[PDB]
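Protein chains in written order, with the authors' numbering: chain A, 4 to 375; chain C, 4 to 375; chain D, 4 to 375; chain B, 4 to 375. No residue lacks a Cβ here, since even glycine has one placed at the ideal position from N, Cα and C.
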Ligand SMILES: Nc1ncnc2c1ncn2[C@@H]1O[C@H](COP(=O)(O)OP(=O)(O)O)[C@@H](O)[C@H]1O
Ligand SMILES: Nc1ncnc2c1ncn2[C@@H]1O[C@H](COP(=O)(O)OP(=O)(O)O)[C@@H](O)[C@H]1O
Ligand SMILES: Nc1ncnc2c1ncn2[C@@H]1O[C@H](COP(=O)(O)OP(=O)(O)O)[C@@H](O)[C@H]1O
Ligand SMILES: Nc1ncnc2c1ncn2[C@@H]1O[C@H](COP(=O)(O)OP(=O)(O)O)[C@@H](O)[C@H]1O
Ligand SMILES: [Mg+2]
Ligand SMILES: [Mg+2]
Ligand SMILES: [Mg+2]
Ligand SMILES: [Mg+2]
């Protein structure tokens, strides 16, 4: 039919589904794995490459790799496999019949977008296309028109102030702190005890450990003193092989580098100061409205105590006269996809498509004159 | 019905209302604003131009401009929008059924008046018209027949001696000092401290600051010495963003340039000497009556200590034999409109209109033979 | 040597030169200018006052003022500077060696003449002095003995009937219309269009414009109708800044107030009626000779069509029996100086001087018993 | 000895030298750097702070900061270190024996100047002091007395009209566009390709890239079309690590925001319109002389095609009658210092000093009554 499709692929996660719904239909990690050992059976295996859930299921004898890194595609041959798997082995749909909507982080090379649209038009033969900023759809999902948006995932962390539909492009900030840095720091600090992890499967195990038992401390020094004094903060985790591990003060030291980037050697400011700097670069009249409409989205902002910690950090910098409010919906993980699905079903979003006639009459460089 | 309308369109404010009343019905600034940033929403806004209170409400993302400057219309395309908004979105009246009265400052180009009447007749199709001098209606509002009138606003400052209904046109003086010059000087002298304002919204903020905390010192040198010695004259103001500012001796240095125009580089005499020069150019017999019937009107003359300061300045120049009196009614801000409403309801003011038959039989150049 | 000097100091010009010649040697305006802005250079200028041509050359940063007003000296400290500049920086002569002749308008305060002679004797130490009426020397320059003389400049306009060397002092009329009033009226009526002039330098520019493009219309109503119908009377002028201006019917409306003083608010009669009234106050027998010997002098009478207009105006009032003739020499501008130089070289004009012995034996009040 | 010293401390560079010379003796950037990495050696370094050339030499392990920002000193503890290094480690002179001359941009807080003189007198014990406007010394260096001066550096851009030594303080304009904004915009637009720079050392690298390969296009649209068509404008640069980078149309897009401030979000007019507005606010008589004596100074005006571009822009606004000339000496970078050295050696500049007796008899607030 004419129903549009939404595919919000990320640094390490891909969510695809039909438009007009309220939840993604296919969510799976974007990894590609190949075997490394020798095959001795008459079959010696079945295939030479695994993409999707089966790659992680058989990760014990595979070398997993991520096509996308820091939000920029580096391997242009695995993305074709991933998109083919998404379109055929996950949705069972013919791409030559439905429009496709894609999302991309701001401040990225134009060659990436041009190659993306060129290989999307000339390989899958979709009849329409559009590329939208990830953080813009967060306001659509929330149902607002003004407010600064913070989005964090496996890629980059970026802010964009929007006021009554007129976004300011001269106050957009972008960082390079994400889940991969957090799990690498957790892997490094886990070597402090006897545990050691070097393999990609062990990297996935450490990622799962970070997802399960982690939180953000309201006060770092007091939490450190309590952990060193009472030693009642320890948790227990069970490895697949059967052994158990115990972690104490490392639980709240993993998200701390998100607020103090000096832990991993980066020279920058935390997420509490970047938002304040972005706010103070806007106009004087609209500062008050943005201060009381903070919006949070993305998986990385799913930690328990992030909201109170960020509110406390922001309230110190801002003047005491006004109020600071942070909006953290419980379903903020699948927020970009919901906004994209809402946008794709609008009545006025019908002449904003990029038809194939325009593409093959002008060229791949048309995406720079029709998308923000 | 046949009720007339009065529309006093000043250089920085517009006041419109029906005749026969005692207070304007619609008072709003005359500014036009357009957006400058980019729209990213599916709506990207609603309109492309804002005129009236909504333009100032959304001034954070707009570029505000004034159609009228120094009392002379420079943009003839925004005045149509402003008058349409006044007639339709403020009064909810049909212009083709009621006469309209307009005010204009003396000593202005005739092309301005001719274009005004030409576009008022041929676009809104009013059945009558009349243009009257702004300072003449001040006497009507006061309820007198003799006395020199001083009017100051956002445009020009002009005096016109009137004695028993026979005004003298050879003793009319006009200056170019108004609220815009005062707020520009305040903006310049505010850079003396750390505060800096460059944007039009910041210009409006400075105008509000001038309106709130300003006064006129009786003695400049003594006030300067007191401010430099005791430092008890400082006031505090709160910016919209939340920050606070403090102003000391700058409070009484803003209206000082009205009495000493050399501060802003102009080579002229203050308002205390212009009135004396205008009085001394009249006849010997009527000098005494004009000296004891000073009349003040306009917003710019709303400062606290202006009356005593001007009386003290005038008494020094005039001979000590007679008396000098200054009349400053508390409602002098809406003085021209009250006089116009009083004049438009008079029984003898019925054959002085400019009917459409005369206009389309003679031409737009008839306004020079029926209005003073 | 013993050669006399002649110094005609008018209300707006100074002409000085040696006696026995036929043309003034030094002609320059009588203005004094002082700076108003701040000096930031290590020199910050050279002097604190400029008098003569250099004052007008640097008029952009000076405040020009005229010592003489309406023919009466008001500033007695700038006249010393002007006369010192004339005697030393223009003629390179020692005043203590040559007699000096001065001119003064009739019907002036005696204190002015007494102060003039007192400060001329006691400061420059001239050995002789004489003061003569300006309009008397016009007949000497023309070479006649009977005829009414009309003189107009930047000061006052005065008539004096003279018949065979016996002037009648009871029929002398004096007005107060001059070039300053004409240029002020031109400045006022130039505000009718977009052009506006307020500064003294702009006053000089308007004076130059009046000097260049002005004339007198023979018939006012017909000229007005022609200007309003054909619009072929417009001229173009170039301002120093580079902009151009256009003037139409204002060309012949500037000298009209000389014939109809009601334009500038004055209540009097034009120059055509003052001469007739002066003639009709004389004796019956000498009326015919004065009617046919009109004499014109002064700069203000240098307009193109003044002679024919005045002849037409006079012929209507006078009886049709006799003839009316007006004498307007092409060199009438420097007419008083020529007459003074002719008078100072006469053989019988040697015992009419005012020696220093008489001055210091009688007093400054001797000038009233030796000069007319 | 009694030889004076000149120390021009800009927003990004410091130039100091003895008076009476023709070239600065010590030119070095004004940055302060501190280490941020751990020290493991028995020395762990030598010092804790680096100021001058050594700070930039070891910039790989330091955090560089600028004490001055937008022309206003923000860190009052690093300026003491910088001035001590200048006086002792660069010139090898005792400050208690020589007078010192300092320069400061116009329209700055008075507290800055008062603190500067207070800490210069009470810490280094200099026997004399004077503060002069930066743009005034440009005329001294050129050797003129009239002409508008444009100065641009790392701080602010300001114009001041001067005519025969009488500067007009009511027509002085000041902007906030400088080299820092240009290099920030270049850093932002370099992210369009794969290159990314976030560190202060990378900021210095981008500044060097801007200094080396940049120019101003005469026509923006034609240059854009040529760059997009031929692609022959690309240049190559070599990074310290060994990699090479290529830049195409970004070469002429960096100085474009100096003429169109809307690129970086600022709401103002380019340098071509600010000069015209400043000229048109002066007097009518002096407009022609200022138009034909444009003066350019400062490092930011060192771009190749700036002169022709600015002349073309100005000629369009100005009337076609007169001529527009721009003076751009090849040594305009060290123009303020040359003018200061010329001024400090003048014979009349000996009683204009601020002796210590006046300072300790009156107070730090004396600098407002002796310097412009
Ligand atoms: N409950 C949780 N607690 C902590 N971290 C989480 C949680 N859920 C998800 N994450 C983190 O969020 C990341 C997923 O982000 P994602 O939504 O895929 O961003 P994108 O779609 O831009 O790639 C994972 O790397 C994971 O570390
Ligand atoms: N209370 C006040 N104190 C000082 N200034 C005032 C006050 N109220 C109004 N004004 C000044 O008066 C001006 C408004 O003049 P206005 O009445 O609009 O004149 P016009 O109608 O001729 O435009 C404003 O610019 C403002 O600066
Ligand atoms: N060609 C001309 N056309 C019109 N007016 C002129 C002309 N030449 C001079 N004038 C006027 O004559 C005046 C000079 O008069 P002047 O001879 O100085 O009288 P006085 O010597 O008594 O001061 C000037 O103000 C000027 O306006
Ligand atoms: N050859 C050049 N090309 C382009 N820009 C230059 C060149 N030389 C210097 N600059 C710029 O000039 C600036 C230095 O200005 P400077 O003379 O230090 O001003 P100030 O002395 O007021 O700080 C540097 O930031 C640099 O970007
Ligand atoms: Mg995401
Ligand atoms: Mg008004
Ligand atoms: Mg004369
Ligand atoms: Mg500089």
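Closer than 7 angstroms: residue i CB and nearest ligand 1 heavy atom
i             : result
residue 16/A  : yes
residue 39/B  : no
residue 182/A : yes
residue 210/A : yes
Distance cut-off 7 angstroms: residue i Cβ against heavy atoms of ligand 7
i             : result
residue 286/C : no
Buried or exposed (CB count within 10 angstroms, at least 16 for buried), residue i
i             : result
residue 370/A : buried
residue 280/A : exposed
residue 39/A  : exposed
residue 290/B : buried
residue 200/D : buried
residue 74/C  : buried
residue 151/D : buried
residue 287/C : exposed
residue 349/D : exposed
residue 27/D  : buried
Residue i Cβ short of 7 angstroms to ligand 3 heavy atom set
i             : result
residue 257/D : no
residue 336/D : yes
beta-carbon residue i near ligand 2 non-hydrogen atom, thresh 7 angstroms
i             : result
residue 302/C : yes
residue 306/C : yes
residue 107/C : no
residue 10/C  : no
residue 377/B : Within the shown structure, residues of chain B are numbered from 4 to 375, placing residue 377/B beyond reach of any answer.
Cβ-heavy atom distance, residue i to ligand 8, below 7 angstroms
i            : result
residue 13/B : yes
Residue i: CB within 7 angstroms of a non-hydrogen atom of ligand 6
i             : result
residue 154/C : yes
residue 59/C  : no
residue 354/B : no
Closer than 7 angstroms: residue i CB and nearest ligand 5 heavy atom
i             : result
residue 339/A : yes
Ligand 4 heavy atom lying under 7 angstroms from the CB of residue i
i             : result
residue 36/D  : no
residue 213/B : yes
residue 217/B : yes
residue 177/B : no
Examine the Cβ distances between the region 134 to 142 of chain A and the region 334 to 342 of chain A and report whether three or more of them are shorter than 8 angstroms. yes
If contact is defined by three or more beta carbon pairs under 8 angstroms, each pair taking one atom from either stretch, is the region 203 to 213 of chain C in contact with the region 51 to 65 of chain C? yes
Kindly provide the ranges of any alpha helix (DSSP H) runs that are 4 or more residues long and lie completely inside the region 188 to 262 of chain C, ordered along the chain. 203 to 215, 223 to 232, 259 to 262
Between the region 7 to 17 of chain A and the region 28 to 38 of chain A, can you find at least three pairs of beta-carbon atoms closer than 8 angstroms? yes
When you compare the region 246 to 257 of chain C with the region 212 to 227 of chain C, are there three or more beta-carbon pairs, one atom per stretch, that lie closer than 8 angstroms? yes
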